Every structure is written in structure tokens, then in C-alpha cells.
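This report concerns only the one structure given below.
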Amino acid sequence: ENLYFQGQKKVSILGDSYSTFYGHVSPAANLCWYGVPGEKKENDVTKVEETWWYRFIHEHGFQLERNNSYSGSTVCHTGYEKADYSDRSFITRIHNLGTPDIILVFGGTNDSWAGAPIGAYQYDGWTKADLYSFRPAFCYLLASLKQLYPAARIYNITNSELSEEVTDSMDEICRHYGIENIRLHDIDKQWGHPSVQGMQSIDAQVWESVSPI
Ligand SMILES: [Cl-]
């Protein structure tokens, strides 16, 4: 039973703005949405201790391994205004998460908001071209995370208020790969990103799913 038998479990995050805070992401050059000097948001989160992940980690006996979160970043290679996000997409950052026991994937909001093509469910044979679309990219993501971190527990986190297609696709693909999908609900947002209240709700809802397992 005792925590010291196996030590604290190490949590890494592969995220977007919702999981960012200035000075607390790796690589440090990853774009952040919260806590950025001279880029004040109309959103009441001002301290890292209010973030969902900091709360989740410090409340439940975990240790932060890596917070690889990047503002605006998409799961697939298609960004905003059809920009090429091959330089920052989730699927390009999957090797830089340290040595986690737990991986929390929290993406897809930008794929939804940018209107990235949905494409086809695809469980092998991925080309770079294919990976500009959402379904092949998210399949490739889980498939690759499972191969790189075969001993880790991987949880997907689905933002509320995304397109039907992005929402349904992540749930179906999580089911294919046997990954738990945390379907967030009733998340208070300001300027399209969680508020202090919203961050608490995310923390609590992630813990609802992670606790039993
Ligand atoms: Cl990286």
C-alpha cells in the first residue's frame, strides 16, 4: 500500500494552450497562453497553482516529469489558415516526454477550431501526407505513444465544445487503442480557455477517471 514501495508516479503532459503556463513547459521555447509577460488575457488564471495539471499533480501524490504543451498546437500537421504545423504538431513531440508512468494527452481543440481536414480512420501505413488529416494523425499518435511507452498508462482528455467529428473521432480511436478517454463537461471558460473554476473542474474530472485505475 505505502507510497514508498514504488515511489511517486511520474506524470507527463502532451498538450496545447489549456495545459501551458509560462516557465513551466518543456521545451521552454514552446508557446504559452497563461502567465506570459506583456500578453495579458481576459481570463482569471494568473498563477501556475491554478492550472488543472499542477493541481492534479500536487493534490494526488504524483511528480511532474515533463509538461510538453504548446499554444495553438494541433494533433495533425494542418494548422490555422492551412499553415503547416509539422514543426509543432502533437505527433512530432512524442519523443520528448521524459520517462513517465502516466501520460496525459490533451489535444484536438486546435484541430477543431482550425477546421483541419478530418480524413479517414487509419490504423497503419501512415504517410506524411495522410497525417495532415485529423483521424490518421490521432490514430498515429496513440499507436506511436503505445509503442514508445509500453509500460506507461496513457489517458486522453477531450475538451468540451469541439466539433462533432473531432469529438467522435477521438472517442472511437481511443476505443480502438484501448485508451481511456476523459470526456470533459461543464468547463468554465474565459476567452475560450479554462478559468480558475474551469481548471478545477478539469482536475476533478481527470481524477475521477484516473483514480480507480
Ligand atoms: Cl519537443
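Order determines the names: the first chain of the C-alpha cells is A, the second B, and so forth; residues in each chain are numbered 1 upward, and ligands are numbered 1 upward as they are shown.
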*Which residues sit within 6 Å of ligand 1, counting only C-alpha atoms and all ligand atoms, listed as a list in words?*
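Counting only what the definition allows, namely only C-alpha atoms and all ligand atoms, the set is residues 27, 93 and 96 of chain A.
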*All residues 9 Å or closer to region 144-159 of chain A, only C-alpha atoms, same chain fewer than 4 positions away omitted, as a VMD selection string*: chain A and resid 91 94 to 95 99 to 109 139 to 140 167 170 to 171 174 177 179 to 185 187 206 209 to 210
Would you put the residues from that selection into a file with N, CA and C atoms, as a tab-separated table (two decimals), in the first residue's frame?
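Contents of the output file result03.tsv:
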chain	number	residue	atom	x	y	z
A	91	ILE	N	2.12	15.05	-32.88
A	91	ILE	CA	2.76	13.83	-33.39
A	91	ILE	C	4.25	13.99	-33.64
A	94	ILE	N	6.21	13.52	-29.56
A	94	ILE	CA	6.00	12.29	-28.80
A	94	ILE	C	7.26	11.64	-28.20
A	95	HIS	N	8.46	11.98	-28.70
A	95	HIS	CA	9.72	11.52	-28.10
A	95	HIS	C	10.23	12.35	-26.93
A	99	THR	N	10.55	10.18	-18.84
A	99	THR	CA	10.26	8.77	-18.52
A	99	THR	C	9.01	8.68	-17.65
A	100	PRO	N	7.84	8.92	-18.23
A	100	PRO	CA	6.63	8.93	-17.46
A	100	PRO	C	6.07	7.55	-17.22
A	101	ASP	N	5.37	7.45	-16.09
A	101	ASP	CA	4.50	6.29	-15.78
A	101	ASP	C	3.08	6.54	-16.28
A	102	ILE	N	2.71	7.83	-16.30
A	102	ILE	CA	1.39	8.28	-16.73
A	102	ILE	C	1.59	9.34	-17.78
A	103	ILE	N	0.90	9.19	-18.92
A	103	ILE	CA	0.88	10.22	-19.96
A	103	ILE	C	-0.57	10.72	-20.14
A	104	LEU	N	-0.73	12.03	-20.02
A	104	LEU	CA	-1.99	12.69	-20.24
A	104	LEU	C	-1.93	13.51	-21.55
A	105	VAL	N	-2.71	13.05	-22.53
A	105	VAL	CA	-2.81	13.66	-23.86
A	105	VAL	C	-4.04	14.55	-23.84
A	106	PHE	N	-3.85	15.85	-24.11
A	106	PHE	CA	-4.93	16.85	-24.03
A	106	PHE	C	-4.86	17.75	-25.26
A	107	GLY	N	-5.36	17.23	-26.37
A	107	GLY	CA	-5.33	17.90	-27.67
A	107	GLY	C	-6.61	17.72	-28.49
A	108	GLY	N	-6.59	18.40	-29.62
A	108	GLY	CA	-7.72	18.39	-30.54
A	108	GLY	C	-8.51	19.66	-30.63
A	109	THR	N	-8.43	20.49	-29.59
A	109	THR	CA	-9.11	21.80	-29.67
A	109	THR	C	-8.69	22.62	-30.92
A	139	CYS	N	-4.88	8.62	-34.75
A	139	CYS	CA	-4.51	7.20	-34.72
A	139	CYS	C	-2.98	7.05	-34.58
A	140	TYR	N	-2.22	7.81	-35.38
A	140	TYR	CA	-0.77	7.63	-35.38
A	140	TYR	C	-0.25	7.99	-33.98
A	167	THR	N	-14.73	15.26	-31.84
A	167	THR	CA	-15.12	14.64	-30.59
A	167	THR	C	-15.36	13.13	-30.75
A	170	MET	N	-12.02	11.12	-31.72
A	170	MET	CA	-11.11	10.79	-30.58
A	170	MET	C	-11.70	9.65	-29.75
A	171	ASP	N	-13.01	9.60	-29.59
A	171	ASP	CA	-13.58	8.56	-28.73
A	171	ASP	C	-13.46	7.21	-29.41
A	174	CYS	N	-9.62	6.28	-29.43
A	174	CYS	CA	-9.29	5.82	-28.09
A	174	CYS	C	-9.80	4.41	-27.84
A	177	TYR	N	-7.63	1.76	-29.61
A	177	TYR	CA	-6.35	1.54	-28.97
A	177	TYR	C	-6.45	1.18	-27.47
A	179	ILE	N	-7.39	2.99	-25.02
A	179	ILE	CA	-7.01	4.11	-24.19
A	179	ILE	C	-8.26	4.79	-23.60
A	180	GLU	N	-8.28	4.98	-22.28
A	180	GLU	CA	-9.36	5.76	-21.63
A	180	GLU	C	-9.45	7.20	-22.13
A	181	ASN	N	-10.68	7.60	-22.45
A	181	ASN	CA	-10.95	8.92	-22.96
A	181	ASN	C	-11.76	9.69	-21.93
A	182	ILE	N	-11.20	10.77	-21.38
A	182	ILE	CA	-11.88	11.59	-20.36
A	182	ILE	C	-12.66	12.66	-21.09
A	183	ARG	N	-13.97	12.53	-21.08
A	183	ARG	CA	-14.81	13.48	-21.81
A	183	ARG	C	-15.23	14.63	-20.91
A	184	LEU	N	-14.51	15.74	-21.01
A	184	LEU	CA	-14.78	16.84	-20.12
A	184	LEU	C	-16.18	17.43	-20.35
A	185	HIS	N	-16.81	17.92	-19.28
A	185	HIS	CA	-18.10	18.57	-19.40
A	185	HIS	C	-18.17	19.76	-18.44
A	187	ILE	N	-17.08	22.85	-18.36
A	187	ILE	CA	-15.83	23.53	-18.11
A	187	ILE	C	-15.99	25.04	-18.34
A	206	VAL	N	-10.46	14.67	-14.48
A	206	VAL	CA	-9.33	13.77	-14.78
A	206	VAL	C	-9.15	12.77	-13.61
A	209	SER	N	-11.41	9.74	-13.44
A	209	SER	CA	-11.11	8.63	-14.35
A	209	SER	C	-9.81	7.92	-13.96
A	210	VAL	N	-8.82	8.67	-13.53
A	210	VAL	CA	-7.51	8.08	-13.25
A	210	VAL	C	-7.50	7.28	-11.92
*Have a look at A:113, A:80, A:22, A:85 and name the one nearest to residue 68 (chain A); count only C-alpha atoms.*
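The closest residue to residue 68 (chain A) is A:22.
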*Could you work out how far CA of residue 189 (chain A) lies from CA of residue 84 (chain A), giving the answer in Å with one decimal?*
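Going from CA of residue 84 (chain A) over to CA of residue 189 (chain A) covers 27.8 Å.
CA of residue 128 (chain A) to CA of residue 116 (chain A) spans 14.9 Å [interatomic distance, one decimal].
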*If you measure from CA of residue 204 (chain A) to CA of residue 134 (chain A), what distance in Å do you get, rounded to one decimal?*
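Between these atoms lies a distance of 27.8 Å.
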*Restricting the calculation to only C-alpha atoms, which member of A:6, A:89, A:133, A:205 is positioned closest to residue 53 (chain A)?*
A:205
_Residue among A:186, A:65, A:44, A:111 lying closest to residue 79 (chain A), counting only C-alpha atoms_ =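 Of all the options, A:111 lies closest to residue 79 (chain A).
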*Mind checking which residues fall within 7 Å of residue 112 (chain A), counting only C-alpha atoms, ignoring those fewer than 6 positions away in the same chain, and posting them as a PyMOL selection string?*
chain A and resi 162-163+166
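For region 72-167 of chain A, the set of residues given strand (DSSP E) by DSSP on the backbone reads residues 102, 103, 104, 105, 106, 153, 154, 155, 156, 157 and 158 of chain A.
Distances to residue 2 (chain A) were evaluated for A:48, A:61, A:87, A:66 using only C-alpha atoms, and the minimum falls at A:61.
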Using only C-alpha atoms, which residues of region 23-101 of chain A come within 8 Å of region 193-200 of chain A, and what is the closest atom pair for each, with the distance in Å to one decimal? Give it as JSON lines, sorted by chain and residue number.
{"residue": "A:43", "atom": "CA", "partner": "A:195", "partner_atom": "CA", "distance": 6.0}
{"residue": "A:44", "atom": "CA", "partner": "A:195", "partner_atom": "CA", "distance": 5.8}
{"residue": "A:45", "atom": "CA", "partner": "A:196", "partner_atom": "CA", "distance": 5.3}
{"residue": "A:50", "atom": "CA", "partner": "A:196", "partner_atom": "CA", "distance": 6.0}
{"residue": "A:51", "atom": "CA", "partner": "A:199", "partner_atom": "CA", "distance": 5.6}
{"residue": "A:52", "atom": "CA", "partner": "A:199", "partner_atom": "CA", "distance": 4.5}
{"residue": "A:55", "atom": "CA", "partner": "A:200", "partner_atom": "CA", "distance": 7.7}
Residues from the last selection, N, CA and C atoms, saved as a tab-separated table (two decimals), in the first residue's frame:
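What landed in part_1.tsv:
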chain	number	residue	atom	x	y	z
A	43	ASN	N	-8.93	36.50	-18.72
A	43	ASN	CA	-9.08	35.19	-18.16
A	43	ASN	C	-8.39	35.26	-16.80
A	44	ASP	N	-9.02	34.67	-15.80
A	44	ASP	CA	-8.64	34.96	-14.42
A	44	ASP	C	-7.57	34.05	-13.88
A	45	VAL	N	-7.02	33.15	-14.70
A	45	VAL	CA	-5.90	32.32	-14.25
A	45	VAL	C	-4.59	33.13	-14.27
A	50	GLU	N	-3.03	27.37	-10.07
A	50	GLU	CA	-4.43	27.32	-10.50
A	50	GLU	C	-4.62	26.42	-11.72
A	51	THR	N	-3.54	26.02	-12.40
A	51	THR	CA	-3.68	25.18	-13.61
A	51	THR	C	-4.21	23.77	-13.25
A	52	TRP	N	-4.90	23.12	-14.18
A	52	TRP	CA	-5.52	21.83	-13.91
A	52	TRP	C	-4.47	20.81	-13.55
A	55	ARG	N	-2.48	21.29	-10.15
A	55	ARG	CA	-3.44	20.86	-9.15
A	55	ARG	C	-3.50	19.38	-9.11
_Minimum-distance residue to residue 176 (chain A), chosen among A:143, A:213, A:118, A:202 (using only C-alpha atoms)_ =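 Of the candidates, the smallest distance to residue 176 (chain A) is held by A:143.
Shell of residue 120 (chain A) at 10 Å, with only C-alpha atoms counted and residues fewer than 3 places along the chain excluded, is residues 117, 123, 130, 133, 134, 135, 136, 137, 139 and 169 of chain A.
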